[PDB]
Amino acid sequence: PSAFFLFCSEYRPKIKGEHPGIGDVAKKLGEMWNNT
DNA sequence: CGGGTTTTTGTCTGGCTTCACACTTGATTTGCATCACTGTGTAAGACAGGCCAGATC
């Protein structure tokens, strides 16, 4: 486990509520994680 | 020579499981080339005994 893995496991429901479908969801997650 | 008998070949409707990108990134191990350092088989390389012929009193 790493910081990115923890952030993903913590904010996956965010992308879930945002878009159902997870290419674009994971892309946006990685983008916002690299931004923050 | 034509017909019969297996044998294999599929059908839609509706219903189960089941492996694969898709990014996501950043560690992990995986693999081939490189590094340190000698022992040795092998081929170049003089080398002196032997065999000579040219030579002098």
# chains A, B, ... in the order shown; residues from 1 in each chain; ligands from 1
>>> interface_residues(of="chain B", to="chain A", cutoff="7 Å", atoms="only C-alpha atoms (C1' of nucleotides)", output="list in words")
residues 22, 23 and 24 of chain B
>>> write_last_selection(atoms="N, CA, C and O atoms (P, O5', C5', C4', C3', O3' and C1' of nucleotides)", output="mmCIF file, in the first residue's frame")
data_model
loop_
_atom_site.group_PDB
_atom_site.id
_atom_site.type_symbol
_atom_site.label_atom_id
_atom_site.label_comp_id
_atom_site.auth_asym_id
_atom_site.auth_seq_id
_atom_site.Cartn_x
_atom_site.Cartn_y
_atom_site.Cartn_z
ATOM 1 P P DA B 22 -7.381 -0.733 -23.404
ATOM 2 O "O5'" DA B 22 -8.642 0.088 -22.854
ATOM 3 C "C5'" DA B 22 -9.212 -0.234 -21.589
ATOM 4 C "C4'" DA B 22 -9.083 0.932 -20.631
ATOM 5 C "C3'" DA B 22 -7.703 1.578 -20.606
ATOM 6 O "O3'" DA B 22 -7.822 2.987 -20.442
ATOM 7 C "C1'" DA B 22 -8.217 0.745 -18.458
ATOM 8 P P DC B 23 -7.325 3.976 -21.608
ATOM 9 O "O5'" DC B 23 -6.153 4.825 -20.926
ATOM 10 C "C5'" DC B 23 -5.327 4.227 -19.935
ATOM 11 C "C4'" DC B 23 -5.798 4.610 -18.544
ATOM 12 C "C3'" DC B 23 -4.754 5.333 -17.686
ATOM 13 O "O3'" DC B 23 -5.356 6.436 -17.008
ATOM 14 C "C1'" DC B 23 -5.618 3.501 -16.516
ATOM 15 P P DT B 24 -4.444 7.537 -16.267
ATOM 16 O "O5'" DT B 24 -4.970 7.520 -14.755
ATOM 17 C "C5'" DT B 24 -5.361 6.292 -14.148
ATOM 18 C "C4'" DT B 24 -4.527 6.002 -12.913
ATOM 19 C "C3'" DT B 24 -3.057 6.453 -13.000
ATOM 20 O "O3'" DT B 24 -2.704 7.240 -11.859
ATOM 21 C "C1'" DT B 24 -3.211 4.261 -12.199
#
>>> select_by_dssp(residues="chain A", states="alpha helix (DSSP H)", output="PyMOL selection string")
chain A and resi 3-18+23-35
>>> write_last_selection(atoms="N, CA, C and O atoms", output="compact mmCIF listing (two decimals), in the first residue's frame")
# COMPACT_ATOMS: atom_id res chain seq x y z
N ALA A 3 0.61 5.93 -0.76
CA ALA A 3 -0.23 7.11 -0.62
C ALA A 3 -1.26 7.19 -1.74
O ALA A 3 -2.43 7.50 -1.51
N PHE A 4 -0.83 6.90 -2.97
CA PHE A 4 -1.77 6.89 -4.09
C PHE A 4 -2.81 5.80 -3.94
O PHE A 4 -3.99 6.03 -4.24
N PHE A 5 -2.41 4.61 -3.49
CA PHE A 5 -3.37 3.53 -3.27
C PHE A 5 -4.39 3.91 -2.20
O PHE A 5 -5.59 3.64 -2.34
N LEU A 6 -3.92 4.54 -1.11
CA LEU A 6 -4.84 4.96 -0.06
C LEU A 6 -5.80 6.03 -0.56
O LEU A 6 -7.01 5.98 -0.28
N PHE A 7 -5.29 7.01 -1.31
CA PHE A 7 -6.16 8.05 -1.86
C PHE A 7 -7.19 7.45 -2.81
O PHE A 7 -8.36 7.86 -2.81
N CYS A 8 -6.79 6.47 -3.62
CA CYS A 8 -7.72 5.81 -4.53
C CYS A 8 -8.79 5.06 -3.76
O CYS A 8 -9.99 5.18 -4.05
N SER A 9 -8.39 4.26 -2.77
CA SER A 9 -9.35 3.51 -1.97
C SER A 9 -10.26 4.41 -1.16
O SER A 9 -11.36 3.99 -0.79
N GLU A 10 -9.83 5.64 -0.87
CA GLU A 10 -10.66 6.57 -0.11
C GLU A 10 -11.59 7.40 -0.98
O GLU A 10 -12.68 7.77 -0.53
N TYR A 11 -11.20 7.70 -2.22
CA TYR A 11 -11.98 8.57 -3.08
C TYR A 11 -12.57 7.85 -4.29
O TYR A 11 -13.05 8.51 -5.22
N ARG A 12 -12.54 6.52 -4.31
CA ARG A 12 -13.29 5.79 -5.33
C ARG A 12 -14.79 6.05 -5.29
O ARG A 12 -15.40 6.18 -6.37
N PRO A 13 -15.46 6.12 -4.13
CA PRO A 13 -16.89 6.46 -4.14
C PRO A 13 -17.18 7.84 -4.72
O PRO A 13 -18.29 8.06 -5.23
N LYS A 14 -16.22 8.76 -4.67
CA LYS A 14 -16.41 10.06 -5.31
C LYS A 14 -16.60 9.90 -6.82
O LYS A 14 -17.58 10.39 -7.39
N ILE A 15 -15.68 9.19 -7.47
CA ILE A 15 -15.82 8.93 -8.90
C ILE A 15 -17.03 8.06 -9.18
O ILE A 15 -17.65 8.16 -10.24
N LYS A 16 -17.40 7.18 -8.23
CA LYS A 16 -18.60 6.37 -8.39
C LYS A 16 -19.84 7.24 -8.50
O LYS A 16 -20.65 7.08 -9.42
N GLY A 17 -20.01 8.17 -7.55
CA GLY A 17 -21.14 9.07 -7.61
C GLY A 17 -21.06 10.06 -8.75
O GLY A 17 -22.09 10.55 -9.23
N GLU A 18 -19.85 10.37 -9.22
CA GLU A 18 -19.69 11.30 -10.33
C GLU A 18 -20.11 10.66 -11.65
O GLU A 18 -21.05 11.12 -12.31
N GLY A 23 -12.34 3.60 -16.92
CA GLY A 23 -11.28 4.32 -17.59
C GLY A 23 -11.26 5.80 -17.27
O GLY A 23 -10.28 6.31 -16.72
N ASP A 24 -12.34 6.51 -17.61
CA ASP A 24 -12.39 7.94 -17.38
C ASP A 24 -12.39 8.28 -15.89
O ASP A 24 -11.79 9.28 -15.49
N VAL A 25 -13.03 7.45 -15.07
CA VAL A 25 -13.06 7.70 -13.63
C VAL A 25 -11.65 7.62 -13.05
O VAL A 25 -11.21 8.50 -12.30
N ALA A 26 -10.92 6.55 -13.39
CA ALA A 26 -9.55 6.41 -12.91
C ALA A 26 -8.64 7.50 -13.49
O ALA A 26 -7.73 7.97 -12.80
N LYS A 27 -8.88 7.91 -14.73
CA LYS A 27 -8.09 8.98 -15.32
C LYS A 27 -8.28 10.29 -14.55
O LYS A 27 -7.31 10.97 -14.22
N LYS A 28 -9.54 10.63 -14.26
CA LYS A 28 -9.81 11.84 -13.49
C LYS A 28 -9.25 11.74 -12.07
O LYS A 28 -8.75 12.73 -11.52
N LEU A 29 -9.33 10.55 -11.47
CA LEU A 29 -8.77 10.34 -10.14
C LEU A 29 -7.27 10.59 -10.14
O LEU A 29 -6.74 11.31 -9.29
N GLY A 30 -6.55 9.98 -11.09
CA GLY A 30 -5.12 10.19 -11.17
C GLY A 30 -4.76 11.63 -11.47
O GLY A 30 -3.79 12.16 -10.92
N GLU A 31 -5.55 12.29 -12.32
CA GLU A 31 -5.29 13.69 -12.64
C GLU A 31 -5.43 14.57 -11.41
O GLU A 31 -4.56 15.39 -11.11
N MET A 32 -6.53 14.41 -10.67
CA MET A 32 -6.74 15.25 -9.49
C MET A 32 -5.77 14.89 -8.37
O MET A 32 -5.42 15.76 -7.56
N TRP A 33 -5.31 13.64 -8.31
CA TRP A 33 -4.31 13.28 -7.31
C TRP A 33 -2.95 13.88 -7.64
O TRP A 33 -2.25 14.36 -6.74
N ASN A 34 -2.57 13.87 -8.92
CA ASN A 34 -1.34 14.55 -9.32
C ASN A 34 -1.44 16.05 -9.14
O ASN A 34 -0.44 16.71 -8.85
N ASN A 35 -2.64 16.61 -9.29
CA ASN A 35 -2.83 18.04 -9.08
C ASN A 35 -2.70 18.40 -7.60
O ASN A 35 -2.00 19.35 -7.24
>>> decode(residues="chain A", atoms="N, CA and C atoms", output="PDB file, in the first residue's frame")
ATOM      1  N   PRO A   1       0.815  -1.220   0.000  1.00  0.00           N
ATOM      2  CA  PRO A   1       0.000   0.000   0.000  1.00  0.00           C
ATOM      3  C   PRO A   1       0.848   1.270   0.000  1.00  0.00           C
ATOM      4  N   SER A   2       0.399   2.285  -0.728  1.00  0.00           N
ATOM      5  CA  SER A   2       1.095   3.560  -0.831  1.00  0.00           C
ATOM      6  C   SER A   2       0.099   4.705  -0.658  1.00  0.00           C
ATOM      7  N   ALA A   3       0.614   5.932  -0.760  1.00  0.00           N
ATOM      8  CA  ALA A   3      -0.233   7.112  -0.617  1.00  0.00           C
ATOM      9  C   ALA A   3      -1.262   7.185  -1.739  1.00  0.00           C
ATOM     10  N   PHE A   4      -0.834   6.898  -2.972  1.00  0.00           N
ATOM     11  CA  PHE A   4      -1.767   6.893  -4.093  1.00  0.00           C
ATOM     12  C   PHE A   4      -2.815   5.799  -3.944  1.00  0.00           C
ATOM     13  N   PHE A   5      -2.411   4.612  -3.486  1.00  0.00           N
ATOM     14  CA  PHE A   5      -3.370   3.533  -3.268  1.00  0.00           C
ATOM     15  C   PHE A   5      -4.387   3.912  -2.199  1.00  0.00           C
ATOM     16  N   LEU A   6      -3.925   4.539  -1.115  1.00  0.00           N
ATOM     17  CA  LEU A   6      -4.842   4.962  -0.060  1.00  0.00           C
ATOM     18  C   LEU A   6      -5.803   6.034  -0.561  1.00  0.00           C
ATOM     19  N   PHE A   7      -5.294   7.014  -1.311  1.00  0.00           N
ATOM     20  CA  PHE A   7      -6.159   8.050  -1.865  1.00  0.00           C
ATOM     21  C   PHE A   7      -7.193   7.452  -2.810  1.00  0.00           C
ATOM     22  N   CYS A   8      -6.785   6.471  -3.620  1.00  0.00           N
ATOM     23  CA  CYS A   8      -7.719   5.815  -4.527  1.00  0.00           C
ATOM     24  C   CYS A   8      -8.793   5.057  -3.757  1.00  0.00           C
ATOM     25  N   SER A   9      -8.386   4.261  -2.766  1.00  0.00           N
ATOM     26  CA  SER A   9      -9.350   3.505  -1.974  1.00  0.00           C
ATOM     27  C   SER A   9     -10.262   4.411  -1.159  1.00  0.00           C
ATOM     28  N   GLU A  10      -9.833   5.641  -0.874  1.00  0.00           N
ATOM     29  CA  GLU A  10     -10.658   6.566  -0.110  1.00  0.00           C
ATOM     30  C   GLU A  10     -11.589   7.398  -0.983  1.00  0.00           C
ATOM     31  N   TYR A  11     -11.196   7.703  -2.220  1.00  0.00           N
ATOM     32  CA  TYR A  11     -11.984   8.574  -3.084  1.00  0.00           C
ATOM     33  C   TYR A  11     -12.573   7.854  -4.292  1.00  0.00           C
ATOM     34  N   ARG A  12     -12.543   6.522  -4.311  1.00  0.00           N
ATOM     35  CA  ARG A  12     -13.289   5.794  -5.333  1.00  0.00           C
ATOM     36  C   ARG A  12     -14.794   6.052  -5.287  1.00  0.00           C
ATOM     37  N   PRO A  13     -15.458   6.124  -4.125  1.00  0.00           N
ATOM     38  CA  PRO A  13     -16.892   6.464  -4.143  1.00  0.00           C
ATOM     39  C   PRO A  13     -17.181   7.836  -4.724  1.00  0.00           C
ATOM     40  N   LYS A  14     -16.222   8.762  -4.671  1.00  0.00           N
ATOM     41  CA  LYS A  14     -16.413  10.059  -5.314  1.00  0.00           C
ATOM     42  C   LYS A  14     -16.602   9.896  -6.817  1.00  0.00           C
ATOM     43  N   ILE A  15     -15.679   9.188  -7.473  1.00  0.00           N
ATOM     44  CA  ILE A  15     -15.819   8.933  -8.902  1.00  0.00           C
ATOM     45  C   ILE A  15     -17.033   8.055  -9.178  1.00  0.00           C
ATOM     46  N   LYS A  16     -17.396   7.185  -8.232  1.00  0.00           N
ATOM     47  CA  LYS A  16     -18.595   6.366  -8.391  1.00  0.00           C
ATOM     48  C   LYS A  16     -19.840   7.238  -8.498  1.00  0.00           C
ATOM     49  N   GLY A  17     -20.007   8.165  -7.554  1.00  0.00           N
ATOM     50  CA  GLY A  17     -21.138   9.073  -7.605  1.00  0.00           C
ATOM     51  C   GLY A  17     -21.060  10.058  -8.753  1.00  0.00           C
ATOM     52  N   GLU A  18     -19.847  10.367  -9.215  1.00  0.00           N
ATOM     53  CA  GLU A  18     -19.693  11.299 -10.327  1.00  0.00           C
ATOM     54  C   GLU A  18     -20.113  10.658 -11.645  1.00  0.00           C
ATOM     55  N   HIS A  19     -19.434   9.584 -12.043  1.00  0.00           N
ATOM     56  CA  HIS A  19     -19.726   8.899 -13.289  1.00  0.00           C
ATOM     57  C   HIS A  19     -19.856   7.401 -13.050  1.00  0.00           C
ATOM     58  N   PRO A  20     -20.839   6.735 -13.660  1.00  0.00           N
ATOM     59  CA  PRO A  20     -20.920   5.271 -13.506  1.00  0.00           C
ATOM     60  C   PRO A  20     -19.760   4.542 -14.164  1.00  0.00           C
ATOM     61  N   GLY A  21     -19.449   4.873 -15.413  1.00  0.00           N
ATOM     62  CA  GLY A  21     -18.351   4.242 -16.122  1.00  0.00           C
ATOM     63  C   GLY A  21     -18.037   4.895 -17.454  1.00  0.00           C
ATOM     64  N   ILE A  22     -13.336   1.342 -15.186  1.00  0.00           N
ATOM     65  CA  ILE A  22     -13.582   2.767 -15.006  1.00  0.00           C
ATOM     66  C   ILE A  22     -12.436   3.577 -15.588  1.00  0.00           C
ATOM     67  N   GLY A  23     -12.343   3.600 -16.916  1.00  0.00           N
ATOM     68  CA  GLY A  23     -11.281   4.320 -17.590  1.00  0.00           C
ATOM     69  C   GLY A  23     -11.257   5.802 -17.273  1.00  0.00           C
ATOM     70  N   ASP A  24     -12.339   6.506 -17.615  1.00  0.00           N
ATOM     71  CA  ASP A  24     -12.395   7.945 -17.377  1.00  0.00           C
ATOM     72  C   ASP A  24     -12.387   8.275 -15.891  1.00  0.00           C
ATOM     73  N   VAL A  25     -13.033   7.447 -15.066  1.00  0.00           N
ATOM     74  CA  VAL A  25     -13.057   7.699 -13.627  1.00  0.00           C
ATOM     75  C   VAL A  25     -11.649   7.616 -13.049  1.00  0.00           C
ATOM     76  N   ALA A  26     -10.917   6.552 -13.390  1.00  0.00           N
ATOM     77  CA  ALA A  26      -9.546   6.414 -12.914  1.00  0.00           C
ATOM     78  C   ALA A  26      -8.643   7.496 -13.488  1.00  0.00           C
ATOM     79  N   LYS A  27      -8.882   7.909 -14.734  1.00  0.00           N
ATOM     80  CA  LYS A  27      -8.090   8.984 -15.322  1.00  0.00           C
ATOM     81  C   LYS A  27      -8.283  10.285 -14.554  1.00  0.00           C
ATOM     82  N   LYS A  28      -9.537  10.633 -14.255  1.00  0.00           N
ATOM     83  CA  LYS A  28      -9.809  11.845 -13.490  1.00  0.00           C
ATOM     84  C   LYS A  28      -9.253  11.740 -12.075  1.00  0.00           C
ATOM     85  N   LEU A  29      -9.332  10.549 -11.474  1.00  0.00           N
ATOM     86  CA  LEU A  29      -8.770  10.345 -10.142  1.00  0.00           C
ATOM     87  C   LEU A  29      -7.266  10.586 -10.139  1.00  0.00           C
ATOM     88  N   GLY A  30      -6.553   9.977 -11.088  1.00  0.00           N
ATOM     89  CA  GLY A  30      -5.117  10.189 -11.171  1.00  0.00           C
ATOM     90  C   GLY A  30      -4.758  11.632 -11.468  1.00  0.00           C
ATOM     91  N   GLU A  31      -5.547  12.290 -12.322  1.00  0.00           N
ATOM     92  CA  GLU A  31      -5.289  13.690 -12.643  1.00  0.00           C
ATOM     93  C   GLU A  31      -5.433  14.570 -11.408  1.00  0.00           C
ATOM     94  N   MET A  32      -6.532  14.410 -10.667  1.00  0.00           N
ATOM     95  CA  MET A  32      -6.736  15.248  -9.491  1.00  0.00           C
ATOM     96  C   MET A  32      -5.769  14.889  -8.367  1.00  0.00           C
ATOM     97  N   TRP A  33      -5.307  13.637  -8.311  1.00  0.00           N
ATOM     98  CA  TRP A  33      -4.311  13.276  -7.308  1.00  0.00           C
ATOM     99  C   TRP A  33      -2.953  13.885  -7.636  1.00  0.00           C
ATOM    100  N   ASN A  34      -2.567  13.873  -8.915  1.00  0.00           N
ATOM    101  CA  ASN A  34      -1.337  14.545  -9.317  1.00  0.00           C
ATOM    102  C   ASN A  34      -1.441  16.054  -9.135  1.00  0.00           C
ATOM    103  N   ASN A  35      -2.642  16.613  -9.295  1.00  0.00           N
ATOM    104  CA  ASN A  35      -2.827  18.045  -9.082  1.00  0.00           C
ATOM    105  C   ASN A  35      -2.700  18.401  -7.605  1.00  0.00           C
ATOM    106  N   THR A  36      -3.374  17.651  -6.737  1.00  0.00           N
ATOM    107  CA  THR A  36      -3.321  17.914  -5.304  1.00  0.00           C
ATOM    108  C   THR A  36      -2.000  17.431  -4.712  1.00  0.00           C
TER     109      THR A  36
END
